[PDB]
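Data block below; observations after.
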Amino acid sequence: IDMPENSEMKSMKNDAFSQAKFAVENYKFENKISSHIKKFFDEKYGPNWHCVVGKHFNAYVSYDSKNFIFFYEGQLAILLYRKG
Amino acid sequence: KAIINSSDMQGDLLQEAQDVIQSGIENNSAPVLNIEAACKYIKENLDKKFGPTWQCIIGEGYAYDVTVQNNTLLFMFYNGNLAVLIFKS
Amino acid sequence: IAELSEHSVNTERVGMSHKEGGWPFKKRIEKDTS
Amino acid sequence: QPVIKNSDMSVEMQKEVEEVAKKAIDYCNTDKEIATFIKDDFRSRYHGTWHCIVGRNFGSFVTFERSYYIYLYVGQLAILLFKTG
Amino acid sequence: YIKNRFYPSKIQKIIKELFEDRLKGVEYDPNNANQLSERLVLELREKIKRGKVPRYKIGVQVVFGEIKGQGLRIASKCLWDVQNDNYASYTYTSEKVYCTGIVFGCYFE
Amino acid sequence: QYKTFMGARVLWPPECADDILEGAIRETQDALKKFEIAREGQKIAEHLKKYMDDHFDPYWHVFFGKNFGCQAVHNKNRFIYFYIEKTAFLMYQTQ
Amino acid sequence: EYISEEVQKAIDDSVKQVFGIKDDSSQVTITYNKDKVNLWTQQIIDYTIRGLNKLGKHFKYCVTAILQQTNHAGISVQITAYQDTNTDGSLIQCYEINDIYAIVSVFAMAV
C-alpha cells in the first residue's frame with residue numbers, strides 16, 4: 001500500500017525486492033535477514049546502508065535523497081535506506 | 001462423501017482441505033482408527049502447507065465455540081456421519 | 001575519524017507441544033470401587 | 001471429581017483450574033456458561049487471552065503458551081483450557 | 001551468600017550525573033579547588049548511601065584539576081574475589097578542567 | 001534481581017550512567033503521562049531518542065516492548081535496561 | 001600506610017634526576033644508543049631501587065622497565081595481579097622526551 005521511491009531505472013528498487021524475498025524465507029530471526037540485506041547492498045552499491053525488519057515499528061531517520069526504500073513484504077515490513 | 005456445511009475461505013484451500021481430510025481418512029480407515037490421529041494429520045499438514053495456527057476438529061455430536069480468522073474457517077459433514085471443522089486462529 | 005563497534009541485538013525467546021489424549025477411571029484401580 | 005489428563009501449568013495454576021471448574025459446575029448448568037466463567041476468570045486474574053472448550057466427545061490440535069495448558073475431566077466433562085495471546 | 005550484589009555501573013551512574021550537574025563547567029580556581037572536591041566528595045558519598053549496597057564498603061576517591069599542556073596517567077589495581085566485590089570509575093573532562101572519580105566496593109563478610 | 005528505583009524496576013546495578021538514567025527514568029514516564037498513550041507505537045521512542053540526542057550524546061538506539069532480550073557490545077557504560085509495569089525498556093549509545 | 005601517588009613521585013624523582021634535564025638540548029644530544037642503552041636500563045633501575053629502599057616501609061616491591069626506541073611501532077602496556085585489598089597494589093608510568101619511550105611498572109605487596 002506504501003512504496004517510497006528511489007532512483008529511476010529500477011537499479012536498486014528491483015534489487016531490494018529480489019534480495020529481501022530470499023532473506024525472509026531463508027532465516028527466522030530478523031538478525032540474519034537484515035544483516036544479509038545490508039551486507040549485500042554494501043558490496044553492491046554503497047559504503048553504508050541501514051536496514052530494519054519487523055512486523056510493527058515506526059521510525060524517523062535522516063538519509064540521502066532517492067536512497068530510501070520501504071515496503072510491506074508479506075506479513076513483515078522491511079525498511080532500508082542509505083546513510084553516511 | 002464430503003458435504004460442506006459452512007465455508008469462509010477460498011475455493012482452492014477448500015479443495016485442498018477436502019483432499020487432506022480424505023487422506024486422513026485413508027491414513028486412519030479401520031475400526032481401530034481414532035479421529036485424533038487424523039486430526040493431528042490435518043492440522044500438521046495445513047500448517048506445513050498454508051501456515052501455522054491451524055486447528056482440526058472431528059466428531060458428530062458436539063458444541064464448539066471458537067475464535068477464527070476470516071477466510072480461514074470450514075465446517076462440513078460426511079455421508080459416513082463425520083462432521084469436520086477446521087479453522088485458523 | 002572515530003572508533004566503531006557493533007551492537008548486535010536480539011530477542012529472547014521462551015515453545016513446546018504436548019498431545020492431549022482422550023478418555024480410556026477416576027480411580028486407577030476399578031476393582032477397588034467394584 | 002477432577003481428573004487431569006494433560007496439563008502444562010504449575011501446580012498452583014492447575015489447582016486454580018480445578019477450583020474455578022468446580023465453581024462453574026456449582027453455578028452454571030450450560031457448558032457455554034461454564035466455559036465463559038472459566039475463560040473470563042483466568043483472563044481476569046492473569047492477563048492475556050485464554051480459551052476454554054468444554055465437551056464430551058472432542059479432539060483438537062492447538063498451539064498454546066508454555067505452562068498455560070490443561071486437558072482434564074472434572075466430574076464427567078472434558079475441559080480443555082489454554083492461553084494464546 | 002550475596003543476594004543483593006554490586007555491579008559497577010549504578011555507582012558509575014550516580015558519579016556521572018553528579019559530575020555534570022555539579023561541575024557545570026567550572027574553572028580551576030586555586031583558592032577553592034580543594035574545598036570544591038571536599039563538597040562533591042561528600043555529596044557523592046550521600047548518593048552511594050542510597051546506592052543500595054548493604055554490605056559493600058565504599059572507598060570513594062576523586063581527582064580534580066586543570067589540563068594545561070600536561071600529560072598524566074592514573075591507574076588502580078583491583079584486589080578482591082571477583083565473585084562478590086567490584087569497583088566503579090568515571091572520568092569527565094571539559095576544555096580546561098578534568099574531574100575523575102572512582103568508587104570501590106567490598107562485600108563485608 | 002531487578003532492584004527497585006523511584007522510576008521503575010531497574011537491573012541493579014546496570015551498565016549506564018545516571019544523567020542518562022535519571023533523564024530516562026524521568027523522561028519515559030513523563031513522556032508516557034503527558035500527552036501520550038500506550039495505543040500509539042514508536043512515536044514514543046521517536047521523542048525519546050530525540051530528547052536523548054538533544055542533550056546527551058547524539059547516537060542512541062531504543063528498544064521497548066513486552067517481549068525482547070539482547071546481547072551485544074556498545075559504548076562502554078551506555079546500557080539502560082529497566083522494566084516498568086511489565087514493559088521492558090532498553091537503550092544504548094553507539095559512537 | 002602508604003600512597004601510590006608518592007610511589008610515583010619517587011619514580012619520577014629517580015628518572016628525571018638520572019636523565020631528565022630541564023633545559024631540553026642535552027636530551028637529544030643523548031638519543032637512543034645501542035652501546036649505552038644497557039648502561040641506561042641498568043642504572044635507571046638501580047637508582048630507582050635506591051630511591052625505593054630509601055623508604056623505610058616494610059612493604060615488598062618489584063620493578064619492571066621498558067625502553068622503546070620510536071613511536072612508529074606502537075605498544076600496549078597492561079597490568080594485572082592477585083593480592084590483598086587494603087595495602088597491596090601496583091603502579092605504572094609512561095615517559096617521553098624526544099626519542100625514548102620509557103615505561104615503568106611496579107608491584108607493591110604487604111609483608
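By order of appearance in the C-alpha cells: chains A, B, ..., then residues from 1 within every chain, and ligands from 1 in the order shown.
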
Contact residues (chain C, partner chain D, 12 Å, only C-alpha atoms) as JSON, numbers by chain: {"C": [13, 14, 15, 16, 17, 18, 19, 20, 21, 22, 23, 24, 25, 26, 27, 28]}

Give me the residues near residue 52 of chain E as a PyMOL selection string, where near means some atom within 12 Å (using only C-alpha atoms) and where sequence neighbours in that chain fewer than 4 positions away do not count. (chain E and resi 4-7+10-11+14+46-48+56-58+105) or (chain F and resi 3-5+12-13)

Got time to write the residues from that selection, N, CA and C atoms, as a PDB file, in the first residue's frame?
ATOM      1  N   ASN E   4      21.680  -9.492  47.229  1.00  0.00           N
ATOM      2  CA  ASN E   4      21.840  -8.196  46.585  1.00  0.00           C
ATOM      3  C   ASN E   4      23.322  -7.950  46.335  1.00  0.00           C
ATOM      4  N   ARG E   5      23.679  -7.737  45.072  1.00  0.00           N
ATOM      5  CA  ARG E   5      25.071  -7.688  44.657  1.00  0.00           C
ATOM      6  C   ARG E   5      25.414  -6.298  44.138  1.00  0.00           C
ATOM      7  N   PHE E   6      26.715  -6.052  44.004  1.00  0.00           N
ATOM      8  CA  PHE E   6      27.223  -4.824  43.415  1.00  0.00           C
ATOM      9  C   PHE E   6      27.751  -5.102  42.015  1.00  0.00           C
ATOM     10  N   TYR E   7      27.241  -4.355  41.047  1.00  0.00           N
ATOM     11  CA  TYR E   7      27.784  -4.246  39.713  1.00  0.00           C
ATOM     12  C   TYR E   7      28.230  -2.802  39.498  1.00  0.00           C
ATOM     13  N   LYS E  10      25.935   1.316  38.379  1.00  0.00           N
ATOM     14  CA  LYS E  10      24.988   2.221  39.039  1.00  0.00           C
ATOM     15  C   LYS E  10      25.722   3.252  39.880  1.00  0.00           C
ATOM     16  N   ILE E  11      26.808   2.843  40.529  1.00  0.00           N
ATOM     17  CA  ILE E  11      27.699   3.858  41.067  1.00  0.00           C
ATOM     18  C   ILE E  11      28.288   4.675  39.930  1.00  0.00           C
ATOM     19  N   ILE E  14      25.498   7.251  39.275  1.00  0.00           N
ATOM     20  CA  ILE E  14      25.490   8.319  40.266  1.00  0.00           C
ATOM     21  C   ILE E  14      26.635   9.282  40.021  1.00  0.00           C
ATOM     22  N   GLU E  46      26.897  10.705  50.036  1.00  0.00           N
ATOM     23  CA  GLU E  46      25.464  10.672  50.321  1.00  0.00           C
ATOM     24  C   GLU E  46      24.716   9.891  49.252  1.00  0.00           C
ATOM     25  N   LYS E  47      25.101  10.071  47.989  1.00  0.00           N
ATOM     26  CA  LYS E  47      24.406   9.368  46.915  1.00  0.00           C
ATOM     27  C   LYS E  47      24.610   7.857  47.012  1.00  0.00           C
ATOM     28  N   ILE E  48      25.845   7.411  47.247  1.00  0.00           N
ATOM     29  CA  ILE E  48      26.057   5.976  47.435  1.00  0.00           C
ATOM     30  C   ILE E  48      25.384   5.462  48.703  1.00  0.00           C
ATOM     31  N   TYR E  56      28.434  -3.780  50.940  1.00  0.00           N
ATOM     32  CA  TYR E  56      29.534  -3.307  50.113  1.00  0.00           C
ATOM     33  C   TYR E  56      30.100  -2.009  50.677  1.00  0.00           C
ATOM     34  N   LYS E  57      31.345  -2.070  51.140  1.00  0.00           N
ATOM     35  CA  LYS E  57      32.059  -0.915  51.662  1.00  0.00           C
ATOM     36  C   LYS E  57      32.589  -0.099  50.494  1.00  0.00           C
ATOM     37  N   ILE E  58      32.610   1.220  50.671  1.00  0.00           N
ATOM     38  CA  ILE E  58      32.699   2.191  49.586  1.00  0.00           C
ATOM     39  C   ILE E  58      33.944   3.040  49.816  1.00  0.00           C
ATOM     40  N   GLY E 105      34.067  -1.170  46.032  1.00  0.00           N
ATOM     41  CA  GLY E 105      33.008  -1.831  46.754  1.00  0.00           C
ATOM     42  C   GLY E 105      33.453  -3.210  47.178  1.00  0.00           C
TER      43      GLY E 105
ATOM     44  N   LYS F   3      16.341  -4.649  40.996  1.00  0.00           N
ATOM     45  CA  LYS F   3      16.014  -3.897  42.198  1.00  0.00           C
ATOM     46  C   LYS F   3      15.163  -2.679  41.854  1.00  0.00           C
ATOM     47  N   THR F   4      14.470  -2.168  42.866  1.00  0.00           N
ATOM     48  CA  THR F   4      13.534  -1.075  42.657  1.00  0.00           C
ATOM     49  C   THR F   4      14.264   0.260  42.546  1.00  0.00           C
ATOM     50  N   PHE F   5      13.684   1.167  41.768  1.00  0.00           N
ATOM     51  CA  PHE F   5      14.161   2.527  41.603  1.00  0.00           C
ATOM     52  C   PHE F   5      12.939   3.432  41.607  1.00  0.00           C
ATOM     53  N   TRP F  12      19.754  -3.738  38.844  1.00  0.00           N
ATOM     54  CA  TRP F  12      20.734  -3.109  39.710  1.00  0.00           C
ATOM     55  C   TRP F  12      21.851  -4.092  40.015  1.00  0.00           C
ATOM     56  N   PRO F  13      23.108  -3.669  39.858  1.00  0.00           N
ATOM     57  CA  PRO F  13      23.409  -2.441  39.118  1.00  0.00           C
ATOM     58  C   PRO F  13      23.554  -2.620  37.594  1.00  0.00           C
TER      59      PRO F  13
END

Would you list the contacts of residue 53 of chain A as a short mmCIF file (atom, residue, chain, number, x, y, z; two decimals) with N, CA and C atoms, in the first residue's frame, taking every protein, DNA or RNA residue within 10 Å and counting only C-alpha atoms, but skipping same-chain residues closer than 4 positions in sequence?
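Okay, around.cif is ready:
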data_model
loop_
_atom_site.label_atom_id
_atom_site.label_comp_id
_atom_site.auth_asym_id
_atom_site.auth_seq_id
_atom_site.Cartn_x
_atom_site.Cartn_y
_atom_site.Cartn_z
N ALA A 20 15.38 -9.29 -0.56
CA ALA A 20 14.66 -9.46 0.70
C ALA A 20 13.71 -10.64 0.65
N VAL A 24 13.95 -13.27 3.74
CA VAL A 24 12.88 -13.56 4.70
C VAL A 24 12.67 -15.06 4.83
N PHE A 29 15.13 -15.57 12.52
CA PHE A 29 15.48 -14.35 13.22
C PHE A 29 15.70 -13.21 12.22
N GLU A 30 15.28 -12.01 12.61
CA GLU A 30 15.49 -10.83 11.78
C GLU A 30 16.97 -10.50 11.63
N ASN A 31 17.81 -10.99 12.55
CA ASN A 31 19.23 -10.67 12.51
C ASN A 31 19.83 -11.03 11.16
N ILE A 33 18.39 -11.86 8.34
CA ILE A 33 17.71 -11.23 7.21
C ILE A 33 18.25 -9.82 6.98
N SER A 34 18.16 -8.97 8.00
CA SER A 34 18.58 -7.58 7.85
C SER A 34 20.08 -7.48 7.57
N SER A 35 20.89 -8.29 8.27
CA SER A 35 22.32 -8.26 8.03
C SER A 35 22.66 -8.70 6.62
N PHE A 57 6.61 -1.32 13.74
CA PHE A 57 7.58 -0.37 14.25
C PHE A 57 7.38 0.93 13.49
N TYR A 72 6.11 -3.21 2.44
CA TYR A 72 5.41 -4.21 3.23
C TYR A 72 5.55 -5.55 2.52
N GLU A 73 6.53 -6.33 2.95
CA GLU A 73 6.86 -7.62 2.34
C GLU A 73 6.16 -8.72 3.13
N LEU A 76 5.53 -9.20 7.05
CA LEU A 76 6.58 -8.38 7.63
C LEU A 76 6.64 -7.01 6.94
N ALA A 77 7.44 -6.13 7.52
CA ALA A 77 7.72 -4.81 6.97
C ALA A 77 9.22 -4.59 6.96
N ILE A 78 9.76 -4.22 5.79
CA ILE A 78 11.19 -4.03 5.61
C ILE A 78 11.45 -2.59 5.20
N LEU A 79 12.31 -1.93 5.95
CA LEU A 79 12.76 -0.57 5.68
C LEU A 79 14.24 -0.61 5.33
N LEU A 80 14.67 0.26 4.43
CA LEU A 80 16.06 0.31 4.01
C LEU A 80 16.35 1.72 3.53
#

Length of the atom CA of residue 23 of chain A to atom CA of residue 61 of chain F vector [Å]: 23.8 Å

Please identify all residues of chain E having at least one atom at most 8 Å from any atom of chain G, considering only C-alpha atoms, and return them as a count of residues only. 7

Shell around segment 34-49 of chain D at 10 Å using only C-alpha atoms, local window under 4 positions removed, as a ChimeraX atom specification: /B:65 /D:13,16-30,53-55,79-85

To one decimal place, how far is atom CA of residue 106 of chain G from atom CA of residue 42 of chain G in Å? 15.7 Å

Within 10 Å of chain C: residues of chain F, using only C-alpha atoms, as an mmCIF file with C-alpha atoms, in the first residue's frame:
data_model
loop_
_atom_site.group_PDB
_atom_site.id
_atom_site.type_symbol
_atom_site.label_atom_id
_atom_site.label_comp_id
_atom_site.auth_asym_id
_atom_site.auth_seq_id
_atom_site.Cartn_x
_atom_site.Cartn_y
_atom_site.Cartn_z
ATOM 1 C CA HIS F 61 19.205 3.234 19.991
ATOM 2 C CA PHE F 63 14.056 -0.818 22.024
ATOM 3 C CA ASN F 67 8.960 -9.462 24.801
ATOM 4 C CA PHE F 68 12.607 -8.967 23.832
ATOM 5 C CA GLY F 69 16.099 -9.510 25.227
ATOM 6 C CA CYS F 70 19.507 -8.730 23.808
ATOM 7 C CA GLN F 71 23.186 -9.465 23.882
ATOM 8 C CA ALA F 72 25.584 -7.005 22.258
ATOM 9 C CA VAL F 73 28.642 -4.774 22.508
ATOM 10 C CA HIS F 74 28.282 -0.988 22.659
ATOM 11 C CA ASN F 75 29.941 2.102 24.018
ATOM 12 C CA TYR F 92 22.197 2.030 24.364
ATOM 13 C CA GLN F 93 24.506 4.564 22.749
ATOM 14 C CA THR F 94 26.841 3.752 19.867
ATOM 15 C CA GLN F 95 29.627 6.064 18.693
#

Which residues, written as a VMD selection string, have at least one atom at most 10 Å from segment 7-16 of chain B, with only C-alpha atoms counted and residues fewer than 6 positions away on the same chain left out? chain B and resid 22 46 49 to 50 69 to 76 87

Apply DSSP to the structure's backbone, then extract all residues of chain A labelled strand (DSSP E) and return them as number ranges by chain. A: 49-54, 68-71, 77-82

Selected residues written out, C-alpha atoms, as a PDB file, in the first residue's frame:
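Saved result, selection-v1.pdb, follows:
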ATOM      1  CA  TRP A  49      23.326   1.333   4.457  1.00  0.00           C
ATOM      2  CA  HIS A  50      20.670   0.837   7.122  1.00  0.00           C
ATOM      3  CA  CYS A  51      18.004  -1.865   7.213  1.00  0.00           C
ATOM      4  CA  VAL A  52      15.098  -2.578   9.563  1.00  0.00           C
ATOM      5  CA  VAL A  53      12.842  -5.634   9.620  1.00  0.00           C
ATOM      6  CA  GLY A  54       9.778  -6.258  11.723  1.00  0.00           C
ATOM      7  CA  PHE A  68      15.060   5.449   0.983  1.00  0.00           C
ATOM      8  CA  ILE A  69      13.081   2.289   0.192  1.00  0.00           C
ATOM      9  CA  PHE A  70      10.256   0.968   2.358  1.00  0.00           C
ATOM     10  CA  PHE A  71       7.951  -1.923   1.596  1.00  0.00           C
ATOM     11  CA  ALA A  77       7.718  -4.811   6.966  1.00  0.00           C
ATOM     12  CA  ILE A  78      11.190  -4.034   5.614  1.00  0.00           C
ATOM     13  CA  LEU A  79      12.760  -0.572   5.680  1.00  0.00           C
ATOM     14  CA  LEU A  80      16.056   0.313   4.011  1.00  0.00           C
ATOM     15  CA  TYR A  81      17.969   3.476   3.222  1.00  0.00           C
ATOM     16  CA  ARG A  82      21.474   4.709   2.640  1.00  0.00           C
TER      17      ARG A  82
END

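With distances restricted to only C-alpha atoms, A:59 is the closest residue to residue 47 of chain F from A:16, A:9, A:37, A:59.
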
Identify, with DSSP run on backbone atoms, the residues in chain F assigned to alpha helix (DSSP H), and express the list as a PDB file with C-alpha atoms, in the first residue's frame.
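What ended up in states-v1.pdb:
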ATOM      1  CA  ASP F  18      22.937   8.494  35.877  1.00  0.00           C
ATOM      2  CA  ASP F  19      22.400  11.707  33.997  1.00  0.00           C
ATOM      3  CA  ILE F  20      21.284   9.321  31.261  1.00  0.00           C
ATOM      4  CA  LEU F  21      19.478   7.149  33.830  1.00  0.00           C
ATOM      5  CA  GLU F  22      17.657   9.862  35.784  1.00  0.00           C
ATOM      6  CA  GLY F  23      16.928  11.521  32.437  1.00  0.00           C
ATOM      7  CA  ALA F  24      15.409   8.341  31.008  1.00  0.00           C
ATOM      8  CA  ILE F  25      13.854   7.202  34.305  1.00  0.00           C
ATOM      9  CA  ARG F  26      12.018  10.516  34.473  1.00  0.00           C
ATOM     10  CA  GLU F  27      11.548  11.068  30.738  1.00  0.00           C
ATOM     11  CA  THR F  28       9.989   7.696  29.924  1.00  0.00           C
ATOM     12  CA  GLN F  29       7.061   8.147  32.287  1.00  0.00           C
ATOM     13  CA  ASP F  30       6.988  11.916  31.722  1.00  0.00           C
ATOM     14  CA  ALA F  31       6.539  11.194  28.013  1.00  0.00           C
ATOM     15  CA  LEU F  32       4.008   8.429  28.644  1.00  0.00           C
ATOM     16  CA  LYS F  33       1.962  10.541  31.070  1.00  0.00           C
ATOM     17  CA  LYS F  34       1.880  13.984  29.481  1.00  0.00           C
ATOM     18  CA  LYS F  43       6.021   7.826  18.100  1.00  0.00           C
ATOM     19  CA  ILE F  44       7.060   7.388  21.736  1.00  0.00           C
ATOM     20  CA  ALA F  45      10.590   6.146  21.035  1.00  0.00           C
ATOM     21  CA  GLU F  46      10.714   8.952  18.466  1.00  0.00           C
ATOM     22  CA  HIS F  47      10.502  11.668  21.118  1.00  0.00           C
ATOM     23  CA  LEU F  48      12.627   9.582  23.492  1.00  0.00           C
ATOM     24  CA  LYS F  49      15.601   9.312  21.125  1.00  0.00           C
ATOM     25  CA  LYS F  50      15.045  12.939  20.100  1.00  0.00           C
ATOM     26  CA  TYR F  51      15.297  14.114  23.713  1.00  0.00           C
ATOM     27  CA  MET F  52      18.373  11.945  24.253  1.00  0.00           C
ATOM     28  CA  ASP F  53      20.118  13.301  21.149  1.00  0.00           C
ATOM     29  CA  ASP F  54      19.203  16.875  22.104  1.00  0.00           C
ATOM     30  CA  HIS F  55      21.011  16.954  25.464  1.00  0.00           C
TER      31      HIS F  55
END

Do you have the atom CA of residue 62 of chain B-atom CA of residue 30 of chain C distance handy?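 Taking atom CA of residue 62 of chain B and atom CA of residue 30 of chain C, their separation equals 28.2 Å.
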
Measuring atom to atom with only C-alpha atoms, identify which of E:16, E:85, E:8, E:22 is nearest to residue 55 of chain E. E:85
